[PDB]
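Chemist: Here we go, the starting part of the complex in its complex frame:
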Amino acid sequence: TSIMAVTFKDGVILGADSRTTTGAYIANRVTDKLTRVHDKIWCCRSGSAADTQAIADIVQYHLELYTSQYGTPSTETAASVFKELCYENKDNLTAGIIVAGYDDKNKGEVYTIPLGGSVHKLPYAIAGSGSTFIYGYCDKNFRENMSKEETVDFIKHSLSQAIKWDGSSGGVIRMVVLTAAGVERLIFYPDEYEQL
Amino acid sequence: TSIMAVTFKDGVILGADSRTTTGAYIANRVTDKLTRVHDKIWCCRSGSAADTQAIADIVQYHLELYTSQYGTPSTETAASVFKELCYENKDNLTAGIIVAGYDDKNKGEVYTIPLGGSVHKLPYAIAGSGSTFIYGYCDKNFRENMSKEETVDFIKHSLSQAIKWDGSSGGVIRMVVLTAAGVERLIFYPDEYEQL
Amino acid sequence: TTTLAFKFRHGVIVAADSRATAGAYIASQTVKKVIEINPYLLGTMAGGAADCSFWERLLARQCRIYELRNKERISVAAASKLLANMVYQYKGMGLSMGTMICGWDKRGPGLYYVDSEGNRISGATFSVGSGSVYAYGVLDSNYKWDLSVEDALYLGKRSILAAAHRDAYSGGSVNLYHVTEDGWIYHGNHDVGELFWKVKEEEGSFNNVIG
Amino acid sequence: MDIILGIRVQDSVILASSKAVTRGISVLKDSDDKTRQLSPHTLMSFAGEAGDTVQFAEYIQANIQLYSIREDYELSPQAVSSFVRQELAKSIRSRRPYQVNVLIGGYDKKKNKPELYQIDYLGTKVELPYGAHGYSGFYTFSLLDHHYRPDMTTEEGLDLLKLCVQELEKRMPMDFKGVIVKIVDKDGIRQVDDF
Amino acid sequence: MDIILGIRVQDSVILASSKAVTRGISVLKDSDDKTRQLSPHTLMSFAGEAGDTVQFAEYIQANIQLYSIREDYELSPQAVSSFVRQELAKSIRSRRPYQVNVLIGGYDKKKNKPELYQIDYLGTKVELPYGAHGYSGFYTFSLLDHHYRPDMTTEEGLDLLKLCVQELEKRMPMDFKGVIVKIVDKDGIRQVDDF
Amino acid sequence: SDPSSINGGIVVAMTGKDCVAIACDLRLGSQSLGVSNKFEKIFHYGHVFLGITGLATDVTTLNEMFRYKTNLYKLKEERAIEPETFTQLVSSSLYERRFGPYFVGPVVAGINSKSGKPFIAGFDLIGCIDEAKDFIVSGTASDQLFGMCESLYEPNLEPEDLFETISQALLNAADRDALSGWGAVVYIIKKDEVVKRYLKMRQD
């Protein structure tokens, strides 16, 4: 798995590959790892698919109930609910989640929640087995307050390399753009990103 | 450990960090991992220090004896001797070696010899625990027939990132330039490469 | 398996079942567990079929060379000892053998128990195999020295039957042998299925079983 | 504990049980009675792991004695054996199972017939003319298979038992210190004081 | 094998050894002589793992008989015991060690004194007035510590041995099928046919 | 150690023309030791027959349990339970012990009293139903029984012919299994008569 979330001038973009493996067999080559927990709060899932799906489903339930009572939740609030589940059930879970959302007040925010259940707010985050191969590339090429098109290219180039070196990563590159304008889904096929 | 060898217009450059660890303790922070087996044939060592030292010492003996009888050995010949040791004693060794040398006929050549004892001739090679974090960066930034100064910057930037993310890597950056002009040793200190 | 042998006035009786097992599966029901070493020497097989077969044939050759060199038939004691020393080399290596070397020599009738563990024991009565424990009950209660050849053959046969009935890994048929000073005599193959019903009726035993 | 035997003859049930109690390399006692009277015409012998044996036997005894008082009626050996089996079949899937094998010998006063039941620690029940638990039956069953008749007298059953014991004393490596023998018939339960 | 005892009295050495051979749950023999005569005035009893015992005993016997022929002279019990110890101390660091414990009882015709040596499978030698191997000494040493005198007669040594055996037969769980007793004195080696 | 092979035993069931047959061996053992030659493994609850192989305590326990449940069924429903319904009850009862199962291999056999249709079924220890048209096998010689049944069986056999086929399948399978034998029983079942025959076989 190769997943990342990047903040930029107008908001935040989530990115992911589409490969799911059972050992060396590819059980699904067109997976959607970008999952919605609220209108403009999405997450990238890594680790056990069963665990991350169960978690995101519970979080979606909590934020739906939050919204009914207290109005639109913050991205920090969403990340807190993820953490509370990941931390308290750390002995029985294998989940690495990146939370990303857009407010009008706070704009684009990114939180990463690794195995232990700790929370880390960041300008951008990378995770999954394939992230290891792009720590150097992403650190060298990331800038703050990029444009939408610059950020799309950054994620595209980054995940392209992660896919290139990681056998557990591959397929298409899915992206989700989160701005004031709304929610835009993007997709990029092998013939586009492989030749970069 | 973070090691690499890069071919360029005028020859080849070897690069390495200077950290040796015993668990989390740094046993030596100024190690010289760039080792000479012949006048213009050097190697970068990774894995068990005992194993890689014993191997390089035996190879240096073989190439010294080769030279006495048959004249200057090729870089391919040196890589073959390394391989023969690494492959036949693969059950008792933990050695990952990059071989690099300069001929006037063949110019700069680079061979990498991973754990199993296989040989792979390449334009450039990376190895060690810290290499994982720069597969993406090196693939994106490597070009063939670079200048000496371009190649030095490429290795410097690459190892800088490997050191930044890998705890087993660090210290100074040592480099060895192999050309027709001779053999040049370089060194780059933390205050230089960290701010890149 | 169940094998037995005992010395008596008129020589030594040797009896064995014929079942071979591979787990719960009955591989064979016609196997020969008595081995013909020479006209005056028998050997029983229990445990590893291959092990027992190979080493006792090796012994038989050893015994034959002895006869050529020494112009004399080997003793039961020397034969049993050659086997014991041969298998002792491979102790702890995985061999599985429980054998009896039965014969008649200058000392009269002879009977030695030999196993892969290293034991080599002279005795008047032995039984080895998974069913040995059932066979011993019939032997011990009815065994005498002054036993007729007819009664002795029946005792060895009836003893195997007792074991074949109770032990799941014993059965098939009974092979009988009588060793005399003039050599060994084969006394036939007796199917346990048919033998059981016959003995039940004539003897009155096995009342709990219906037939 | 070690050896427990049972044989049903014409008009009675005979139970023979070893006398030895052992802890490691030492014989603690050589006169132990491994049996409890469940009712006046029902006797249970037992063998297994220390503690479990006596705890289970006395627990059963108390339950049957309670039934007897409540109804003023003695349960049939078949009813008792079924109760015991259920308790063991319940026990085997519990947190810590009773590690006990039993023989139940009783005289049914309704049918005027002796009855012998063999029940192991799993709750495996079987009615038999003769039975044993552990390594006992391995030595004795061949003699019983040979000599046993259903029309045997009590005295003939005891002679066949002496023969079974003589074989055990010859071929068993462990010294079980002889046996206590008890007979269950129409007149109740009694102990053979000389064996 | 199981129990081997030894006692040095005034003018002789008495060795008592069990008769039983056992393979699993079955007694194969009840009249086994666990001893070899090394020389006319030296006897060795032994116990340990099957095969190893007899193989080692007969190997020692052959070496001592060879020495006797070569020199036309009987080695002292002390010399024999030292030879045996060295063979066991050599064996313990070998690929497959001999798993044998021995007692060497001999009469030294030079000093006119009986001598008893205890040697275990590691090559641990000790000269004693009385000794045992395995779980034997655990039951018998308290009686020997109490009753033993160095000026005892052969008949007194046998009575004390009967007492030691009686205690074993009471408290040992295993039936070892009695003992064969042999006496070593100035006139050589003989067997007590009634014990 | 393996609970399904400590006591040993086998059960086989077959369909015929307007009839069914179910048969079992009589052995009860403690591994190598034979304990009883009278341990019948076939029980009936009205006109529905149940054969059970495996761990003997669970066999005995399940019989007592299905007697319990079928007696209550009959009191409430005012009719005897049918094979199809009983089969679902057996499956239900076994799966309720999914993570602490009875170590058994049950086999149902009977004729629907209304439709007259012959019915057989088998289960794994956890309740999975095997509804076969031809035959069902269970026990320590299940492999042997599969080979005999698959070669000897032919559809629409008459009762007296079906008897010979099933008896020979059982006998020859049992004689290639150490843990089966010591006697055998065959039930021949028709819509309103049931015959039970004890077979003569080798006692080793």
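Modeler: Right, received. Where do you want to start? Numbering: from 1, shown residues only, chains lettered A, B, ... in the order given.

Chemist: right, and residue C:35 touches residue C:42 too?
Modeler: Yes - assessed by Cβ atoms under 8 Å, residue C:35 is found in contact with residue C:42 at 6.7 Å. The way it works is simple: take the backbone N, C-alpha and C, and place the C-beta from them, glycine included.

Chemist: Would you mind telling me which of the two has more residues around it?
Modeler: residue C:42 (24 against 19; other Cβ atoms under 10 Å in any protein chain shown).

Chemist: ok so that one is a strand residue?
Modeler: Yes - Residue C:42: assigned to a strand according to DSSP: H, G, I helix; E, B strand; the rest coil.

Chemist: which residues does the closest residue in space to it that isn't next to it in sequence form a beta bridge with?
Modeler: Leaving aside its chain neighbours, residue C:42 sits nearest to residue C:102 (4.6 Å; criterion: Cβ to Cβ, 6 or more residues apart in numbering or on different chains). Here residue C:102 sits in beta bridges with residue C:42, residue C:111, going by DSSP bridges.

Chemist: which residues sit against the strand or helix carrying residue F:189?
Modeler: Here residue F:189 sits within strand F:184-190, counting by DSSP states H and E. With contact meaning Cβ atoms under 8 Å, 6 or more residues apart in numbering or on different chains, strand F:184-190 is reached by F:18-26, F:40, F:42, F:47, F:49, F:109-111, F:159, F:162-163, F:166-167, F:170-171, F:174, F:194-199, F:201.

Chemist: Now that we have those, which of them are buried?
Modeler: With burial judged by 16 or more other Cβ atoms under 10 Å in any protein chain shown, the buried subset of those is F:19-26, F:40, F:42, F:47, F:49, F:109-111, F:159, F:162-163, F:166-167, F:170-171, F:174, F:194, F:199, F:201.

Chemist: which residues touch the residue nearest the centre of chain A?
Modeler: Residue closest to the average C-alpha location in chain A (Cα atoms, centre = their mean): residue A:44, at 2.9 Å. Going by Cβ under 8 Å, 6+ apart, residue A:44 touches A:3-5, A:14-16, A:33-35, A:97-98, A:100, A:127.

Chemist: Just put those residues in TSV and tack on secondary structure.
Modeler: Shown next, in TSV, are these (three-state DSSP):
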residue	secondary structure
A:3	strand
A:4	strand
A:5	strand
A:14	strand
A:15	strand
A:16	strand
A:33	coil
A:34	strand
A:35	strand
A:97	strand
A:98	strand
A:100	strand
A:127	strand
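
Chemist: put chain G onto that model:
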Amino acid sequence: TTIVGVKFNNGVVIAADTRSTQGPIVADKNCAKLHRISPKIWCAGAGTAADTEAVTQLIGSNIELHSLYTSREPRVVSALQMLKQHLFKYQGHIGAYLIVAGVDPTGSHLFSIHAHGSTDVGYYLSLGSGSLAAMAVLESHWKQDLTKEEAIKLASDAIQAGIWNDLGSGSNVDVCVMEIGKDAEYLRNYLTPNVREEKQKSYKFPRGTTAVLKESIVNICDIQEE
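Modeler: Same chains as before, plus chain G:
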């Protein structure tokens, strides 16, 4: 086991083989692996056979009660959600691997679900020991905008690949077609390419061949009157 699911123009189709095994031994040569959750929601199961049945009957029972409570036809996402939450709770100890498919007022749906509780969406899926042989066929011949007849052909071809090339799969091909605005058609034994040939001999015995000891009439009737 080989099971598949394939979407098409106006619906979805699933298929399965009919072999159930006990190690190397074939227990049932005509097993029914296509289970009904609701009338227009069917699932095919692989793995532990008892678990795939039990989990299907349970969720199907609760789906029926839910359909009655809400006065609505059951949705595939309900069956999916109920299954995954049940399976997740048992942490993979219930070895049920299912392909769930069906039609409802929302449209046509096709999901896969694993024993630990993870779900996937697709246009074509395969599960079981023959999943790789079947997926090779699906990856070779699947296209967008399939017709009903093309999808049934693709599905059964994918099952046949498993039947011929996987030892855990065999015998016949079952199919169920769920089209929008129609009743679902369950096609039991849609293909029968593995009929046993005639035997060379009849093994019917002469009557009286078997030795008998005792005979007796078994009383199956109740206690009688008078």
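
Chemist: what do you get for the contacts of strand F:184-190 once chain G is counted?
Modeler: Strand F:184-190 has contacts (Cβ under 8 Å, 6+ apart) with F:18-26, F:40, F:42, F:47, F:49, F:109-111, F:159, F:162-163, F:166-167, F:170-171, F:174, F:194-199, F:201, G:218.

Chemist: Could you tell me which residues of chain A lie near chain G?
Modeler: Proximity of chain A to chain G (Cβ under 8 Å from any Cβ of the partner chain) is limited to residues A:20, A:25, A:27-28, A:30-32, A:48-50, A:53-54, A:92.

Chemist: ok, residue C:68 - how many residues close by?
Modeler: For residue C:68, the neighbour count with other Cβ under 10 Å is 8.

Chemist: what secondary structure does it sit in?
Modeler: Three-state call for residue C:68 (three-state DSSP): helix.

Chemist: Once you drop chain neighbours, what's closest to residue A:54?
Modeler: residue G:88 (5.2 Å).

Chemist: Also residue G:172?
Modeler: Taking Cβ to Cβ, 6+ apart, and ignoring the residues beside it in sequence, residue G:172 has residue G:18 as its nearest neighbour in space, at 4.2 Å.

Chemist: Surely the one you found touches residue G:26?
Modeler: No - using Cβ under 8 Å, residue G:18 is not in contact with residue G:26; the gap is 10.5 Å.

Chemist: Residues in contact with both of those two, list them for me.
Modeler: The contact lists of residue G:18 and residue G:26 share residue G:170, where a contact means Cβ under 8 Å, 6+ apart.

Chemist: rewinding a little: could you dump the residues of chain A next to chain G to TSV with neighbour count?
Modeler: Listed next are the residues of chain A next to chain G as TSV, based on neighbours: other Cβ atoms under 10 Å in any protein chain shown:
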residue	neighbour count
A:20	20
A:25	10
A:27	20
A:28	19
A:30	16
A:31	22
A:32	16
A:48	17
A:49	23
A:50	23
A:53	20
A:54	22
A:92	8
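
Chemist: Between which two of the residues you listed is the distance greatest?
Modeler: A:30 and A:92 (29.2 Å; Cβ to Cβ).

Chemist: What residues sit buried inside stretch A:180-191?
Modeler: Buried residues in stretch A:180-191 (16+ other Cβ under 10 Å): residue A:188.

Chemist: Which strands and helices lie in contact with the helix or strand where residue C:61 lies?
Modeler: For residue C:61, the enclosing helix or strand under DSSP H and E is helix C:49-70. The contact analysis (3 or more Cβ pairs under 8 Å, 6 or more residues apart in numbering or on different chains; DSSP states H and E) places helix C:49-70 against strand C:34-38, strand C:41-44, helix C:76-88, strand C:98-105.

Chemist: one more, chain H:
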Amino acid sequence: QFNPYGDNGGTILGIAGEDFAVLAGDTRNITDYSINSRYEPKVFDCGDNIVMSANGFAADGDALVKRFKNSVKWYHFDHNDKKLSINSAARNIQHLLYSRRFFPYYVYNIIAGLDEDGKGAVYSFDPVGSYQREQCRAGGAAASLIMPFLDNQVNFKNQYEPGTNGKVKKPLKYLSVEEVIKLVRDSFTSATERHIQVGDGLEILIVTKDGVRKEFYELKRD
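Modeler: Below is chain H, added to the chains above:
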């Protein structure tokens, strides 16, 4: 850790007649749940009117057959082209197997031919050399399915003569080659139905005084 053994499936069957002998085996080769070959010969003509099949781990089976064929070759060189009798071959094979007692050939071996009186002979081996002559023997994956059927249909076990009721057995009448091949084909068709490792094809080798003849029959490929 490296496991030097494997399981290639397959099943073999040898039946001895009065003046002939057959050795049959399926042609399927497998690992786990995959098929390697639908036709990979498993029964071989080894020379001197002897046929052989080593079933289990194919690499060990191929090596054993290869060694025995070689043993026949050298028996001719060393003993003046003397014909190797079936009983002599069996004893030789025992020594080939036991020479690896501590790293065995994981195979069940069966040879078939004619004895020195011209009568049909079948010999069966265990992986470490224990051998025995028999009239009928099935080996391999589905051996337990087939053998009980052969006990019943070749040796007439548990079969009695009608009317007597268990008092008189069915007499042991010899079988013809045509009757035997029927039992072989029915054996393998039944085994193919209930065993997943058996199928694809059946190859039978028949041995008479005239020589070694072959017959092939298809089996179900599922």
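
Chemist: now that chain H has been added, could you go back to what packs on helix C:49-70?
Modeler: Using 3+ Cβ pairs under 8 Å, 6+ apart: helix C:49-70 touches strand C:34-38, strand C:41-44, helix C:76-88, strand C:98-105, helix H:86-98.

Chemist: Could you check the shortest one against chain H for contacts?
Modeler: This points to strand C:41-44. No - Strand C:41-44 stays clear of chain H (Cβ under 8 Å from any Cβ), getting no nearer than 14.3 Å.

Chemist: does the residue of chain H most remote from its centre count as helix, strand or coil?
Modeler: Ranked by distance from the centre of chain H (Cα atoms, centre = their mean), the top residue is residue H:163, with 37.2 Å. The three-state assignment at residue H:163 reads coil, by three-state DSSP.

Chemist: Grab the nearest non-local neighbour of it.
Modeler: Distance criterion Cβ to Cβ, 6+ apart; nearest residue to residue H:163, sequence neighbours excluded, is residue G:208 at 6.1 Å.

Chemist: residues contacting the one you found?
Modeler: Contact analysis of residue G:208 by Cβ under 8 Å, 6+ apart lists H:160, H:162, H:163, H:165.

Chemist: my guess is residue F:200 meets residue C:211, correct?
Modeler: Yes - the criterion here is Cβ under 8 Å, and residue F:200 meets it with residue C:211 at 6.8 Å.

Chemist: what helix or strand is the closest residue to chain G within chain C on?
Modeler: Nearest residue of chain C to chain G: residue C:210, at 6.3 Å (Cβ to the nearest Cβ). If you go by DSSP H and E, residue C:210 is not part of any helix or strand.

Chemist: Now do it: how many residues are near it, please.
Modeler: 15.

Chemist: What does it show for phi and psi?
Modeler: Phi and psi for residue C:210, reported as degrees, to the nearest 10, are phi -100, psi 140.

Chemist: And for residue A:49?
Modeler: The phi and psi values for residue A:49, taken as degrees, to the nearest 10, are phi -60, psi -40.

Chemist: ok, it to residue B:124 distance?
Modeler: Note on residue A:49: its distance to residue B:124, by Cβ to Cβ, to the nearest Å, is 37 Å.

Chemist: Next, count neighbours for the nearest residue to residue A:188 once chain neighbours are set aside.
Modeler: Leaving aside its sequence neighbours, residue A:188 sits nearest to residue A:173 (Cβ to Cβ, 6+ apart; 4.2 Å). Using other Cβ under 10 Å, the number of residues around residue A:173 comes to 25.

Chemist: still on that earlier bit, measure the residue farthest from the centre of chain H to residue G:207 for me?
Modeler: Note on residue H:163: its distance to residue G:207, by Cβ to Cβ, is 10 Å.

Chemist: Understood, closing this out.
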